[PDB]
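Chemist: This one is target-v2.csv, CSV, C-alpha atoms.
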```csv
chain,number,residue,atom,x,y,z
A,1,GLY,CA,0.0,0.0,0.0
A,2,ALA,CA,2.0,3.0,-1.2
A,3,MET,CA,0.8,6.3,-2.8
A,4,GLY,CA,2.3,8.9,-5.2
A,5,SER,CA,0.4,11.9,-3.7
A,6,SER,CA,2.0,13.8,-0.8
A,7,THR,CA,1.2,16.5,1.7
A,8,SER,CA,2.5,19.8,0.2
A,9,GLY,CA,3.5,22.3,2.9
A,10,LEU,CA,5.7,25.4,3.0
A,11,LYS,CA,7.9,27.2,5.6
A,12,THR,CA,6.3,29.8,7.8
A,13,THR,CA,7.8,33.2,6.7
A,14,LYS,CA,8.8,35.5,9.6
A,15,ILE,CA,7.5,39.0,8.9
A,16,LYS,CA,7.9,41.7,11.5
A,17,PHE,CA,5.2,44.5,11.2
A,18,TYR,CA,5.9,48.0,12.5
A,19,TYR,CA,2.8,49.6,14.0
A,20,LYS,CA,3.9,53.0,15.2
A,21,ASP,CA,7.0,52.6,17.4
A,22,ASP,CA,5.8,49.1,18.4
A,23,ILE,CA,6.5,45.9,16.3
A,24,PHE,CA,5.2,42.4,16.1
A,25,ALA,CA,5.7,39.3,13.8
A,26,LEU,CA,3.7,36.9,11.7
A,27,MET,CA,4.4,33.3,10.4
A,28,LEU,CA,2.7,32.8,7.0
A,29,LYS,CA,2.5,29.1,6.0
A,30,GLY,CA,1.5,30.3,2.5
A,31,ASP,CA,-2.2,30.0,3.2
A,32,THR,CA,-2.4,33.4,4.9
A,33,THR,CA,-4.0,36.3,3.0
A,34,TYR,CA,-4.3,40.1,3.3
A,35,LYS,CA,-7.7,39.9,5.0
A,36,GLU,CA,-6.2,37.1,7.2
A,37,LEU,CA,-3.4,39.5,8.3
A,38,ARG,CA,-6.2,42.0,8.9
A,39,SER,CA,-7.5,40.0,11.8
A,40,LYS,CA,-3.9,39.0,12.9
A,41,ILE,CA,-3.0,42.7,13.1
A,42,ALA,CA,-6.2,44.4,14.3
A,43,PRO,CA,-5.8,42.9,17.8
A,44,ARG,CA,-2.1,43.7,17.8
A,45,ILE,CA,-2.9,47.3,16.9
A,46,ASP,CA,-5.8,48.1,19.3
A,47,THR,CA,-8.0,49.1,16.4
A,48,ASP,CA,-9.8,47.4,13.5
A,49,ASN,CA,-8.5,49.7,10.7
A,50,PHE,CA,-4.8,50.2,9.9
A,51,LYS,CA,-2.5,50.3,6.8
A,52,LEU,CA,0.2,47.7,6.3
A,53,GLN,CA,3.2,48.4,4.0
A,54,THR,CA,6.6,46.8,3.1
A,55,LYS,CA,8.6,48.5,6.0
A,56,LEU,CA,11.4,50.1,3.9
A,57,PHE,CA,14.2,52.3,5.3
A,58,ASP,CA,12.3,55.5,4.7
A,59,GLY,CA,9.2,54.2,6.6
A,60,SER,CA,7.0,52.1,4.3
A,61,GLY,CA,7.0,50.7,0.7
A,62,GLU,CA,4.1,49.2,-1.3
A,63,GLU,CA,1.2,49.4,1.1
A,64,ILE,CA,0.2,45.7,1.2
A,65,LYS,CA,-3.5,45.7,0.1
A,66,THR,CA,-4.0,42.3,-1.7
A,67,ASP,CA,-3.5,38.6,-0.9
A,68,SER,CA,-0.7,38.9,-3.5
A,69,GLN,CA,1.2,41.8,-1.7
A,70,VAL,CA,1.1,39.7,1.4
A,71,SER,CA,2.1,36.4,-0.3
A,72,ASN,CA,4.9,38.6,-1.7
A,73,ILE,CA,6.0,39.9,1.6
A,74,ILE,CA,5.7,36.2,2.5
A,75,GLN,CA,8.0,34.9,-0.3
A,76,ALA,CA,10.4,37.8,0.2
A,77,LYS,CA,9.9,38.1,4.0
A,78,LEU,CA,9.4,41.9,4.0
A,79,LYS,CA,9.3,43.9,7.3
A,80,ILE,CA,5.8,45.3,7.4
A,81,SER,CA,4.8,48.7,8.7
A,82,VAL,CA,1.4,49.4,10.3
A,83,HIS,CA,-0.4,52.8,10.5
A,84,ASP,CA,-3.7,53.7,12.2
A,85,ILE,CA,-6.6,54.5,9.9
```
Now that the file is in, can you turn its structure into structure tokens?

Modeler:
Amino acid sequence: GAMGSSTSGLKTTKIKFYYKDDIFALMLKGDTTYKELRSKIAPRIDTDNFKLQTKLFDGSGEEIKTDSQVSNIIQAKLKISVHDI
């Protein structure tokens, strides 16, 4: 009894967000999303509306706003920045 199929998994990417002067982290297994992060950040922000970006050296880069921007910060492990909105 053998099988050719196989469980396909990925490696949780460590992404440190930067809400104001505080910062947190997130482990994305690849199934995460932008609306997923929305609930994973809201509670770590103290609010329900904030703006995530690719924490650059100036302050923020492409404001993550789509499951792709997140899966991108996921495949590239980008430090995220969080603002209050």

Chemist: Skipping near chain neighbours, those fewer than 4 positions away, what residues fall within 12 Å of residue A:79 using only C-alpha atoms, listed as a list in words?

Modeler: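 Surrounding residues, per the criterion: residues 13, 14, 15, 16, 17, 18, 19, 23, 24, 25, 26, 52, 53, 54, 55, 56, 57, 59, 60, 61, 62, 63, 64, 70, 72, 73, 74 and 75 of chain A.
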
Chemist: From the options A:36, A:20, A:2, A:51, which residue's atoms come nearest to residue A:67, counting all atoms listed in the file?

Modeler: A:36

Chemist: Mind checking which residues fall within 10 Å of stretch 4-10 of chain A, counting only C-alpha atoms, ignoring those fewer than 2 positions away in the same chain, and posting them as an MDAnalysis selection string?

Modeler: chainID A and resid 2 12:13 28:31

Chemist: In Å, how far is it from atom CA of residue A:58 to atom CA of residue A:84?

Modeler: 17.8 Å

Chemist: Mind pulling up the distance from atom CA of residue A:21 to atom CA of residue A:33?

Modeler: 24.4 Å

Chemist: Hey, which of A:83, A:11, A:77, A:35 ends up closest to residue A:50? Count all atoms listed in the file.

Modeler: A:83

Chemist: Could you tell me which of A:22, A:3, A:46, A:27 comes closest to residue A:78 if we count only C-alpha atoms?

Modeler: A:27

Chemist: Using the partial input, fill out stretch 5-27 of chain A with N, CA and C atoms; write the result as a PDB file, in the coordinates of the input.

Modeler:
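File result_18.pdb, as written:
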```
ATOM      1  N   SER A   5       0.740  10.555  -4.282  1.00  0.00           N
ATOM      2  CA  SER A   5       0.400  11.900  -3.700  1.00  0.00           C
ATOM      3  C   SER A   5       1.314  12.230  -2.565  1.00  0.00           C
ATOM      4  N   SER A   6       1.156  13.387  -1.979  1.00  0.00           N
ATOM      5  CA  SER A   6       2.000  13.800  -0.800  1.00  0.00           C
ATOM      6  C   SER A   6       1.546  15.087  -0.232  1.00  0.00           C
ATOM      7  N   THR A   7       1.654  15.244   1.059  1.00  0.00           N
ATOM      8  CA  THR A   7       1.200  16.500   1.700  1.00  0.00           C
ATOM      9  C   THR A   7       2.136  17.654   1.264  1.00  0.00           C
ATOM     10  N   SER A   8       1.596  18.681   0.667  1.00  0.00           N
ATOM     11  CA  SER A   8       2.500  19.800   0.200  1.00  0.00           C
ATOM     12  C   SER A   8       2.381  20.939   1.263  1.00  0.00           C
ATOM     13  N   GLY A   9       3.473  21.215   1.920  1.00  0.00           N
ATOM     14  CA  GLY A   9       3.500  22.300   2.900  1.00  0.00           C
ATOM     15  C   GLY A   9       4.599  23.288   2.638  1.00  0.00           C
ATOM     16  N   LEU A  10       4.602  24.418   3.289  1.00  0.00           N
ATOM     17  CA  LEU A  10       5.700  25.400   3.000  1.00  0.00           C
ATOM     18  C   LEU A  10       6.357  25.792   4.349  1.00  0.00           C
ATOM     19  N   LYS A  11       7.202  26.788   4.327  1.00  0.00           N
ATOM     20  CA  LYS A  11       7.900  27.200   5.600  1.00  0.00           C
ATOM     21  C   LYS A  11       7.334  28.535   6.063  1.00  0.00           C
ATOM     22  N   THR A  12       6.815  28.570   7.258  1.00  0.00           N
ATOM     23  CA  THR A  12       6.300  29.800   7.800  1.00  0.00           C
ATOM     24  C   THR A  12       7.270  30.969   7.597  1.00  0.00           C
ATOM     25  N   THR A  13       6.884  32.025   6.938  1.00  0.00           N
ATOM     26  CA  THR A  13       7.800  33.200   6.700  1.00  0.00           C
ATOM     27  C   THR A  13       7.725  34.123   7.905  1.00  0.00           C
ATOM     28  N   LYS A  14       8.840  34.549   8.437  1.00  0.00           N
ATOM     29  CA  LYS A  14       8.800  35.500   9.600  1.00  0.00           C
ATOM     30  C   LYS A  14       8.719  36.925   9.100  1.00  0.00           C
ATOM     31  N   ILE A  15       7.626  37.582   9.358  1.00  0.00           N
ATOM     32  CA  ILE A  15       7.500  39.000   8.900  1.00  0.00           C
ATOM     33  C   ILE A  15       7.203  39.882  10.114  1.00  0.00           C
ATOM     34  N   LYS A  16       8.060  40.834  10.359  1.00  0.00           N
ATOM     35  CA  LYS A  16       7.900  41.700  11.500  1.00  0.00           C
ATOM     36  C   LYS A  16       7.140  43.006  11.095  1.00  0.00           C
ATOM     37  N   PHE A  17       5.950  43.218  11.584  1.00  0.00           N
ATOM     38  CA  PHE A  17       5.200  44.500  11.200  1.00  0.00           C
ATOM     39  C   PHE A  17       5.723  45.602  12.072  1.00  0.00           C
ATOM     40  N   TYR A  18       5.402  46.819  11.734  1.00  0.00           N
ATOM     41  CA  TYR A  18       5.900  48.000  12.500  1.00  0.00           C
ATOM     42  C   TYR A  18       4.811  48.961  12.833  1.00  0.00           C
ATOM     43  N   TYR A  19       3.879  48.603  13.668  1.00  0.00           N
ATOM     44  CA  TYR A  19       2.800  49.600  14.000  1.00  0.00           C
ATOM     45  C   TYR A  19       3.343  50.668  14.881  1.00  0.00           C
ATOM     46  N   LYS A  20       3.333  51.878  14.397  1.00  0.00           N
ATOM     47  CA  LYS A  20       3.900  53.000  15.200  1.00  0.00           C
ATOM     48  C   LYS A  20       5.295  52.641  15.664  1.00  0.00           C
ATOM     49  N   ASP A  21       5.635  52.915  16.895  1.00  0.00           N
ATOM     50  CA  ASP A  21       7.000  52.600  17.400  1.00  0.00           C
ATOM     51  C   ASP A  21       7.031  51.132  17.868  1.00  0.00           C
ATOM     52  N   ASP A  22       5.890  50.497  17.945  1.00  0.00           N
ATOM     53  CA  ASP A  22       5.800  49.100  18.400  1.00  0.00           C
ATOM     54  C   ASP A  22       5.990  48.145  17.208  1.00  0.00           C
ATOM     55  N   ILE A  23       6.295  46.895  17.439  1.00  0.00           N
ATOM     56  CA  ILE A  23       6.500  45.900  16.300  1.00  0.00           C
ATOM     57  C   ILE A  23       6.038  44.537  16.712  1.00  0.00           C
ATOM     58  N   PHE A  24       5.571  43.764  15.775  1.00  0.00           N
ATOM     59  CA  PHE A  24       5.200  42.400  16.100  1.00  0.00           C
ATOM     60  C   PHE A  24       5.646  41.467  14.922  1.00  0.00           C
ATOM     61  N   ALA A  25       5.276  40.216  14.918  1.00  0.00           N
ATOM     62  CA  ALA A  25       5.700  39.300  13.800  1.00  0.00           C
ATOM     63  C   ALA A  25       4.590  38.422  13.338  1.00  0.00           C
ATOM     64  N   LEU A  26       4.757  37.790  12.206  1.00  0.00           N
ATOM     65  CA  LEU A  26       3.700  36.900  11.700  1.00  0.00           C
ATOM     66  C   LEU A  26       4.329  35.715  10.935  1.00  0.00           C
ATOM     67  N   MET A  27       3.833  34.527  11.150  1.00  0.00           N
ATOM     68  CA  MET A  27       4.400  33.300  10.400  1.00  0.00           C
ATOM     69  C   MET A  27       3.391  32.904   9.371  1.00  0.00           C
TER      70      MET A  27
END
```
